[PDB]
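Reviewing the structure listed below.
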Amino acid sequence: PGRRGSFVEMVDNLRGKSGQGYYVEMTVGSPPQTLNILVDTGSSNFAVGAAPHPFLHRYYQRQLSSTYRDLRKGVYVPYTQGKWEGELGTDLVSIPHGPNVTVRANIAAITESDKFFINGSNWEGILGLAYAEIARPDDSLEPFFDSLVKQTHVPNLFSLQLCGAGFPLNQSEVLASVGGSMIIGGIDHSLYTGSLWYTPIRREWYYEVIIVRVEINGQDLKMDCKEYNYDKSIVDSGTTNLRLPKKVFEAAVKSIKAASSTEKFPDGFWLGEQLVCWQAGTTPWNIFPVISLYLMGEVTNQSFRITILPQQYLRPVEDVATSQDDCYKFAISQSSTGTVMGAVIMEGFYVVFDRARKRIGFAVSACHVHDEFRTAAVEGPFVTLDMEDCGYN
Ligand SMILES: C[C@@H]1C[C@H]1CNC(=O)[C@@H]1C[C@H]1[C@]12CN(c3ncccn3)C[C@H]1CSC(N)=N2
């Protein structure tokens, strides 16, 4: 049967790119104040700029909202590479290109920050879509999606199609371009090809999953599978890169270098810091390997795999000269906090966050970048034993 798309009202509601984030339009307050909001599956707070900042063109003005409620409590969120801090309250919230509902939700009004807002990103706040366990300051602060489900008939599921262009976008192009879809309350069949395969959500905190096998061009990385999930593996639209635990990163980069050895790149490239450039149109995709992550299936002793191309893990960037060369950064990097399946991974796939059934679905994205010879893939099943043992305790 032909694939019908039954969520037209939400298709194409995102903008952005992997390096700066994908965002959706929201409104807060009465009368509605429009803000662009980063979709972040790796955190659980709805937090919006609420005071001037050099990188904000607008911000939430609580004094202008008749429906604002002050919770008279602060929240401070320091993290590895930045901080956000603010004041808790509630207000009415809508998603214009979302379900036709308005809900009362917690909002952290950000008053101070450090390397949080991104120059030219076009977003003014973040929508943490993960679970209450990791909400700040504590799990009593109900996340937005939990409020949405509790207050409306919206089904307890959302799905993301993040669409990488495969080439750089400036602020102008990125403002005019469709960056993907967030389907609130359903699955839109127009956004993917082939079958959806589901992996269990291991625990409802982050969107935690279990990786059971890794291959580079079909060659097994051959690590103890616990290494792949040390100390967790998560799906995080608020991270650019595929991030891998130190040991796994070292093994993966060794293998990717070996596969790509017909061309030599500086250390700075492999450290994700330095761009590589080729003459227009000549990027040698074929010398770079595909990468497969096998995920625990829903059936006992079954796994499936997702396969990405260099068109996913090489992130398009602009040159210093803004030349006609095609340039990229290596978007795989080291983690000390587990595997992070970030935006560059997610760009390969339509990802279904099936909270109701405690599972995450993957299918090949209708908007993934590929070439005439290779495409991204989601394939199964494989017989895989002792998969629970891959999880870290
Ligand atoms: C793809 C986009 C270009 C990337 C920029 N990403 C971001 O600015 C992300 C929103 C942030 C955070 C908000 N963070 C946090 N940690 C604990 C509790 C609440 N918030 C951590 C911080 C980094 S990782 C993450 N998923 N979310």
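As shown in the structure tokens, the chain order sets the letters A, B, ...; within each chain, residues go from 1, and ligands are also counted from 1 in the order they appear.
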
Which residues sit within 9 Å of ligand 1, counting only C-alpha atoms and all ligand atoms, listed as a PyMOL selection string?
chain A and resi 17-22+38-47+77-84+115-118+121+125-128+134-137+236-241+342-344

Restrict the selected residues to C-alpha atoms and save them as a PDB file, in the first residue's frame.
```pdb
ATOM      1  CA  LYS A  17      20.667  22.322  11.202  1.00  0.00           C
ATOM      2  CA  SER A  18      22.793  19.846  13.144  1.00  0.00           C
ATOM      3  CA  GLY A  19      25.485  22.347  14.211  1.00  0.00           C
ATOM      4  CA  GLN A  20      23.065  24.874  15.768  1.00  0.00           C
ATOM      5  CA  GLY A  21      19.942  22.815  16.598  1.00  0.00           C
ATOM      6  CA  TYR A  22      16.484  22.133  15.163  1.00  0.00           C
ATOM      7  CA  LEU A  38      15.105  24.037  20.289  1.00  0.00           C
ATOM      8  CA  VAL A  39      13.805  20.460  20.241  1.00  0.00           C
ATOM      9  CA  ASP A  40      15.892  18.717  22.924  1.00  0.00           C
ATOM     10  CA  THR A  41      15.279  15.022  23.606  1.00  0.00           C
ATOM     11  CA  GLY A  42      18.287  15.017  26.003  1.00  0.00           C
ATOM     12  CA  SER A  43      16.747  17.205  28.758  1.00  0.00           C
ATOM     13  CA  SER A  44      13.384  17.723  30.449  1.00  0.00           C
ATOM     14  CA  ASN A  45      12.840  21.455  31.099  1.00  0.00           C
ATOM     15  CA  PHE A  46      10.989  24.008  29.023  1.00  0.00           C
ATOM     16  CA  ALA A  47      13.355  26.958  29.412  1.00  0.00           C
ATOM     17  CA  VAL A  77      21.650  24.244  35.480  1.00  0.00           C
ATOM     18  CA  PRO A  78      25.459  24.099  35.064  1.00  0.00           C
ATOM     19  CA  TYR A  79      26.736  21.521  32.564  1.00  0.00           C
ATOM     20  CA  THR A  80      30.054  20.588  30.940  1.00  0.00           C
ATOM     21  CA  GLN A  81      30.258  23.330  28.338  1.00  0.00           C
ATOM     22  CA  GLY A  82      27.742  25.910  29.599  1.00  0.00           C
ATOM     23  CA  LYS A  83      25.073  27.020  32.072  1.00  0.00           C
ATOM     24  CA  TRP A  84      21.510  28.290  32.098  1.00  0.00           C
ATOM     25  CA  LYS A 115      27.565  29.612  26.144  1.00  0.00           C
ATOM     26  CA  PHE A 116      23.919  28.543  25.947  1.00  0.00           C
ATOM     27  CA  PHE A 117      22.430  30.859  23.336  1.00  0.00           C
ATOM     28  CA  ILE A 118      24.036  30.444  19.910  1.00  0.00           C
ATOM     29  CA  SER A 121      20.745  29.926  15.633  1.00  0.00           C
ATOM     30  CA  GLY A 125      14.551  28.675  24.329  1.00  0.00           C
ATOM     31  CA  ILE A 126      14.601  24.873  24.611  1.00  0.00           C
ATOM     32  CA  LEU A 127      11.931  22.190  24.859  1.00  0.00           C
ATOM     33  CA  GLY A 128      13.218  19.308  26.958  1.00  0.00           C
ATOM     34  CA  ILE A 134      16.060  14.448  34.926  1.00  0.00           C
ATOM     35  CA  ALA A 135      13.963  17.641  35.253  1.00  0.00           C
ATOM     36  CA  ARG A 136      15.593  20.528  37.148  1.00  0.00           C
ATOM     37  CA  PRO A 137      15.680  21.388  39.942  1.00  0.00           C
ATOM     38  CA  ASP A 236      19.632  13.328  22.024  1.00  0.00           C
ATOM     39  CA  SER A 237      18.468  15.861  19.420  1.00  0.00           C
ATOM     40  CA  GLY A 238      20.188  18.549  21.572  1.00  0.00           C
ATOM     41  CA  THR A 239      23.670  17.185  20.735  1.00  0.00           C
ATOM     42  CA  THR A 240      25.220  17.702  17.279  1.00  0.00           C
ATOM     43  CA  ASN A 241      27.552  14.725  17.075  1.00  0.00           C
ATOM     44  CA  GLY A 342      22.936  13.186  18.285  1.00  0.00           C
ATOM     45  CA  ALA A 343      21.483  15.187  15.427  1.00  0.00           C
ATOM     46  CA  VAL A 344      23.866  13.926  12.734  1.00  0.00           C
TER      47      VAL A 344
END
```

Residues within 12 Å of region 150-153 of chain A, only C-alpha atoms, excluding chain neighbours under 5 positions, as a count of residues only:
16

Compile a residue-level contact table for region 300-376 of chain A against region 264-286 of chain A at a cut-off of 12 Å, reporting for every qualifying residue the shortest atom pair and its distance in Å to one decimal, with only C-alpha atoms counted, rows ordered by chain and ascending number, as CSV.
```
residue,atom,partner,partner_atom,distance
A:309,CA,A:285,CA,8.4
A:310,CA,A:285,CA,6.4
A:311,CA,A:285,CA,7.4
A:312,CA,A:285,CA,10.7
A:313,CA,A:272,CA,10.7
A:314,CA,A:285,CA,9.5
A:315,CA,A:275,CA,9.3
A:316,CA,A:275,CA,9.0
A:317,CA,A:275,CA,7.5
A:318,CA,A:275,CA,8.8
A:319,CA,A:275,CA,7.9
A:320,CA,A:275,CA,9.9
A:321,CA,A:277,CA,11.6
A:322,CA,A:277,CA,11.3
A:323,CA,A:280,CA,9.1
A:324,CA,A:280,CA,5.7
A:325,CA,A:280,CA,4.6
A:326,CA,A:280,CA,5.3
A:327,CA,A:277,CA,4.1
A:328,CA,A:275,CA,5.3
A:329,CA,A:275,CA,4.8
A:330,CA,A:272,CA,4.9
A:331,CA,A:272,CA,6.2
A:332,CA,A:272,CA,7.0
A:333,CA,A:272,CA,6.5
A:334,CA,A:271,CA,8.6
A:369,CA,A:285,CA,11.5
A:370,CA,A:285,CA,9.2
A:371,CA,A:285,CA,8.2
A:372,CA,A:286,CA,10.6
A:373,CA,A:286,CA,8.5
A:374,CA,A:286,CA,8.8
A:375,CA,A:285,CA,11.6
```

How would the residues just picked look written out with N, CA, C and O atoms as a compact mmCIF listing (two decimals), in the first residue's frame?
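Below is the file out26.txt, written as the result:
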```
# COMPACT_ATOMS: atom_id res chain seq x y z
N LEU A 309 25.76 6.73 6.72
CA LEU A 309 26.72 7.00 5.68
C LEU A 309 27.64 8.12 6.12
O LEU A 309 27.31 8.89 7.04
N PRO A 310 28.79 8.33 5.44
CA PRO A 310 29.56 9.55 5.67
C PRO A 310 28.75 10.82 5.40
O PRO A 310 29.04 11.84 6.01
N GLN A 311 27.69 10.74 4.58
CA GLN A 311 26.85 11.91 4.38
C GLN A 311 26.14 12.32 5.68
O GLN A 311 25.67 13.45 5.78
N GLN A 312 26.03 11.40 6.66
CA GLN A 312 25.54 11.75 7.99
C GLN A 312 26.69 12.19 8.90
O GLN A 312 26.57 13.20 9.59
N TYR A 313 27.79 11.42 8.98
CA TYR A 313 28.77 11.70 10.02
C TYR A 313 29.84 12.72 9.62
O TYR A 313 30.65 13.11 10.47
N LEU A 314 29.82 13.17 8.35
CA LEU A 314 30.59 14.34 7.93
C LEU A 314 29.63 15.51 7.83
O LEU A 314 28.71 15.50 7.01
N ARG A 315 29.80 16.48 8.73
CA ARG A 315 28.86 17.59 8.85
C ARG A 315 29.29 18.73 7.94
O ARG A 315 30.39 19.25 8.08
N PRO A 316 28.45 19.14 6.96
CA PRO A 316 28.81 20.26 6.09
C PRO A 316 29.05 21.55 6.87
O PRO A 316 28.26 21.90 7.75
N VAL A 317 30.13 22.24 6.51
CA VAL A 317 30.49 23.52 7.12
C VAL A 317 30.98 24.46 6.02
O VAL A 317 31.42 24.02 4.96
N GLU A 318 30.91 25.76 6.31
CA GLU A 318 31.47 26.78 5.45
C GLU A 318 32.98 26.90 5.66
O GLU A 318 33.49 26.69 6.77
N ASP A 319 33.67 27.21 4.56
CA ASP A 319 35.08 27.56 4.49
C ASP A 319 35.29 28.97 5.05
O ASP A 319 34.34 29.74 5.15
N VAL A 320 36.55 29.31 5.34
CA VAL A 320 36.93 30.65 5.79
C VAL A 320 36.76 31.67 4.65
O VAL A 320 36.43 32.82 4.91
N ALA A 321 36.97 31.21 3.41
CA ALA A 321 36.94 32.06 2.22
C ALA A 321 35.54 32.11 1.61
O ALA A 321 35.30 32.88 0.68
N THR A 322 34.63 31.27 2.14
CA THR A 322 33.33 30.98 1.53
C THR A 322 33.52 30.63 0.05
O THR A 322 32.81 31.15 -0.82
N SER A 323 34.48 29.73 -0.21
CA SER A 323 34.86 29.26 -1.54
C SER A 323 33.78 28.33 -2.08
O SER A 323 32.79 28.06 -1.40
N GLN A 324 34.02 27.78 -3.28
CA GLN A 324 33.13 26.80 -3.87
C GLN A 324 33.47 25.37 -3.45
O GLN A 324 32.80 24.44 -3.89
N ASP A 325 34.50 25.19 -2.61
CA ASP A 325 34.83 23.85 -2.14
C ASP A 325 33.68 23.31 -1.29
O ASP A 325 32.93 24.07 -0.68
N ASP A 326 33.57 21.98 -1.24
CA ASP A 326 32.67 21.30 -0.31
C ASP A 326 33.48 20.87 0.91
O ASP A 326 34.44 20.11 0.79
N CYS A 327 33.09 21.40 2.08
CA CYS A 327 33.87 21.23 3.30
C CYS A 327 33.03 20.63 4.41
O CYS A 327 31.82 20.82 4.46
N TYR A 328 33.71 19.92 5.31
CA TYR A 328 33.02 19.17 6.36
C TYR A 328 33.88 19.09 7.61
O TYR A 328 35.10 19.18 7.54
N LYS A 329 33.20 18.86 8.75
CA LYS A 329 33.87 18.43 9.96
C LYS A 329 33.43 17.01 10.30
O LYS A 329 32.33 16.57 9.97
N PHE A 330 34.32 16.29 10.96
CA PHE A 330 34.04 14.94 11.43
C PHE A 330 33.15 15.05 12.65
O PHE A 330 33.58 15.58 13.67
N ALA A 331 31.92 14.53 12.55
CA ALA A 331 30.91 14.71 13.58
C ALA A 331 30.75 13.47 14.46
O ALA A 331 29.65 13.17 14.92
N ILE A 332 31.87 12.78 14.70
CA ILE A 332 31.94 11.75 15.72
C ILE A 332 32.99 12.20 16.73
O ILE A 332 34.07 12.60 16.31
N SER A 333 32.65 12.14 18.02
CA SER A 333 33.55 12.67 19.03
C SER A 333 33.45 11.88 20.33
O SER A 333 32.56 11.06 20.50
N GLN A 334 34.42 12.09 21.22
CA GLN A 334 34.56 11.33 22.44
C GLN A 334 33.59 11.85 23.50
O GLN A 334 33.32 13.05 23.58
N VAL A 369 20.44 12.34 3.40
CA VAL A 369 21.38 12.61 2.32
C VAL A 369 22.11 11.31 1.96
O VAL A 369 22.62 10.61 2.83
N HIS A 370 22.22 11.02 0.66
CA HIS A 370 22.92 9.82 0.23
C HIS A 370 23.51 10.05 -1.15
O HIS A 370 23.56 11.19 -1.61
N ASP A 371 24.00 8.98 -1.78
CA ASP A 371 24.52 9.07 -3.13
C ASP A 371 23.86 7.98 -3.98
O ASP A 371 22.96 7.29 -3.51
N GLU A 372 24.32 7.82 -5.23
CA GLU A 372 23.69 6.88 -6.15
C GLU A 372 24.03 5.43 -5.80
O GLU A 372 23.38 4.51 -6.32
N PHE A 373 25.02 5.21 -4.92
CA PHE A 373 25.56 3.87 -4.67
C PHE A 373 25.12 3.29 -3.33
O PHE A 373 25.06 2.06 -3.19
N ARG A 374 24.84 4.16 -2.35
CA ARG A 374 24.59 3.74 -0.97
C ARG A 374 23.49 4.61 -0.36
O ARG A 374 23.40 5.79 -0.68
N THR A 375 22.69 3.99 0.51
CA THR A 375 21.71 4.72 1.30
C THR A 375 21.82 4.29 2.75
O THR A 375 22.41 3.25 3.07
```

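Note that the spacing between CA of residue 193 (chain A) and CA of residue 5 (chain A) amounts to 12.2 Å.
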
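Nearest to residue 357 (chain A) of all the residues A:201, A:381, A:248, A:294 is A:201, counting only C-alpha atoms.
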
Using the chain letters and numbers from this document, which residues of region 231-325 of chain A does DSSP assign to strand (DSSP E), as a PyMOL selection string?
chain A and resi 233-235+242-245+276-278+291-296+302-308+314-317

Could you pull the residues within 10 Å of residue 389 (chain A), counting only C-alpha atoms, minus those fewer than 4 positions along the same chain, as a ChimeraX atom specification?
/A:210,212,224-226,385,393

According to DSSP computed on the backbone, where in region 45-206 of chain A is there alpha helix (DSSP H)? Give the residues as a ChimeraX atom specification.
/A:144-151,171-176

Can you write just those residues out, N, CA and C atoms, as an mmCIF file, in the first residue's frame?
```
data_model
loop_
_atom_site.group_PDB
_atom_site.id
_atom_site.type_symbol
_atom_site.label_atom_id
_atom_site.label_comp_id
_atom_site.auth_asym_id
_atom_site.auth_seq_id
_atom_site.Cartn_x
_atom_site.Cartn_y
_atom_site.Cartn_z
ATOM 1 N N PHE A 144 7.047 19.502 29.904
ATOM 2 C CA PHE A 144 6.029 19.963 28.980
ATOM 3 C C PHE A 144 5.214 18.809 28.395
ATOM 4 N N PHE A 145 5.886 17.754 27.900
ATOM 5 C CA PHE A 145 5.128 16.729 27.187
ATOM 6 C C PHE A 145 4.186 15.999 28.144
ATOM 7 N N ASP A 146 4.612 15.855 29.403
ATOM 8 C CA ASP A 146 3.788 15.247 30.442
ATOM 9 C C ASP A 146 2.543 16.092 30.716
ATOM 10 N N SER A 147 2.703 17.425 30.716
ATOM 11 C CA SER A 147 1.571 18.346 30.861
ATOM 12 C C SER A 147 0.632 18.240 29.662
ATOM 13 N N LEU A 148 1.213 18.205 28.457
ATOM 14 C CA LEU A 148 0.422 18.117 27.239
ATOM 15 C C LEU A 148 -0.475 16.878 27.262
ATOM 16 N N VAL A 149 0.113 15.717 27.589
ATOM 17 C CA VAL A 149 -0.629 14.462 27.585
ATOM 18 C C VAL A 149 -1.716 14.460 28.666
ATOM 19 N N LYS A 150 -1.389 15.009 29.846
ATOM 20 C CA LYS A 150 -2.284 14.995 30.996
ATOM 21 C C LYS A 150 -3.481 15.925 30.800
ATOM 22 N N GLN A 151 -3.293 17.010 30.037
ATOM 23 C CA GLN A 151 -4.314 18.046 29.901
ATOM 24 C C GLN A 151 -5.161 17.922 28.632
ATOM 25 N N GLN A 171 22.527 31.994 7.676
ATOM 26 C CA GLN A 171 21.349 32.370 8.451
ATOM 27 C C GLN A 171 20.155 32.618 7.524
ATOM 28 N N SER A 172 20.399 33.265 6.373
ATOM 29 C CA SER A 172 19.377 33.558 5.375
ATOM 30 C C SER A 172 18.746 32.275 4.822
ATOM 31 N N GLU A 173 19.588 31.345 4.352
ATOM 32 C CA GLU A 173 19.127 30.087 3.775
ATOM 33 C C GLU A 173 18.458 29.223 4.842
ATOM 34 N N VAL A 174 19.030 29.235 6.040
ATOM 35 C CA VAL A 174 18.514 28.404 7.103
ATOM 36 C C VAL A 174 17.160 28.953 7.575
ATOM 37 N N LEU A 175 16.929 30.268 7.437
ATOM 38 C CA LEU A 175 15.642 30.835 7.814
ATOM 39 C C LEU A 175 14.549 30.456 6.810
ATOM 40 N N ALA A 176 14.927 30.270 5.539
ATOM 41 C CA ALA A 176 13.968 30.036 4.468
ATOM 42 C C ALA A 176 13.717 28.543 4.243
#
```

To one decimal in Å, tell me the separation between CA of residue 131 (chain A) and CA of residue 376 (chain A).
29.2 Å

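Among A:190, A:253, A:28, A:53, the residue with the shortest atom-to-atom distance to residue 89 (chain A), counting only C-alpha atoms, is A:28.
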
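The space separating CA of residue 222 (chain A) from CA of residue 378 (chain A) comes to 20.7 Å.
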